[PDB]
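Just one chain follows, in the form deposited in one PDB entry, and it is written as structure tokens.
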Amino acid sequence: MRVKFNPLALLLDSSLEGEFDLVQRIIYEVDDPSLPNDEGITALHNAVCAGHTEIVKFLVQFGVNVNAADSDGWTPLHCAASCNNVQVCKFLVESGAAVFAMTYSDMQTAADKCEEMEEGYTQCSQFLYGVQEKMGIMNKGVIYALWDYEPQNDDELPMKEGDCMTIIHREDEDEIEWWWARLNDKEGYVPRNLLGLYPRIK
């Protein structure tokens, strides 16, 4: 079993160990810092799970994929939530995190991953469920597209990553996952799960 020391392998192991100085150096040598290992884990997943906030802030501000899903669908927001780390959750949300992204096996969002028996539960879960409940209502209904969207029906809006639009109606009773939005002059339905309260960092 050969231990790999290539630039991506180093960035990942460094992010897990908490070697900020090494992380700041090895990142410019890696072709794509958002690229994962064989289990779908990226440097950000490692930074978040191991609780290295300084690396979390660095990687995210660098432009690393904030919504990277491991083999089981876990994104950095699911990982921050499982740690009941409201501060990292708030930061990731402000950095374009997909609030409605679900894990594959169970169809659980980040808010569901919070640990009841661990400290900081109430504050972390109430913050994440709050964003899920207030998105498209708060900040004058302003949300951002975190992915491109090609319409399948006439009453649907095309979206481009980063697109800023206003939510006219959520219709939480009839088709919970589809929201009536306004982008530029046009109006249509958009999928809620592709949307964020804040856009991605380019």
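The first residue of the shown sequence is 1; numbering continues from there. Definition used throughout: the rigid core is the maximal C-alpha set that superposes within 1.5 Å between two forms.
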* May I ask you to compare 165 to 173 and 36 to 44 by their mean CA B factor in the entry and name the higher one? => 165 to 173
* Structure fact -> With B-factors read from the PDB entry, the higher C-alpha mean of 156 to 164 and 66 to 74 is in 156 to 164
* To do: Give the position of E150 by CA B-factor within its chain, expressed as the lowest, middle or highest third.
  => middle
* Asked: Should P199 be placed in the lowest, middle or highest third of its chain by the C-alpha B factor in the entry?
  -> middle
* To do: Looking at the entry's B-factor column for C-alpha atoms only, identify whether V88 ranks in the lowest, middle or highest third of its chain.
  => middle
* Asked: Once the chain's modelled residues are ordered by C-alpha B factor and cut into thirds, is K140 in the lowest, middle or highest one?
  -> highest
* Structure fact -> Quick tally, chain-level thirds of C-alpha B-factors: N193 sits in the lowest
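Here the subject shifts to the form deposited in another entry, a form of this protein not shown in this document.
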* Would you mind telling me which residue of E150, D172, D155, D38 shifts its Cα by 2 Å or more between the shown form and the other one when the core is superposed? => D172
* **Core-aligned C-alpha movement of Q108 between the shown form and the other one reaching 2 Å** => no
* **Shift of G130 between the shown form and the other one at or above 2 Å (CA, core fit)** => no
* Residue shift check between the shown form and the other one, rigid core fit, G120 Cα at least 2 Å -> yes
* Cα-Cα shift for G120 and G130, closer or farther in that other deposited form, minimum 3 Å -> farther
* Quick one: in that other deposited form, is the Cα gap between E116 and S105 smaller or bigger than here? Answer closer or farther; it shifts by 3 Å or more. => closer
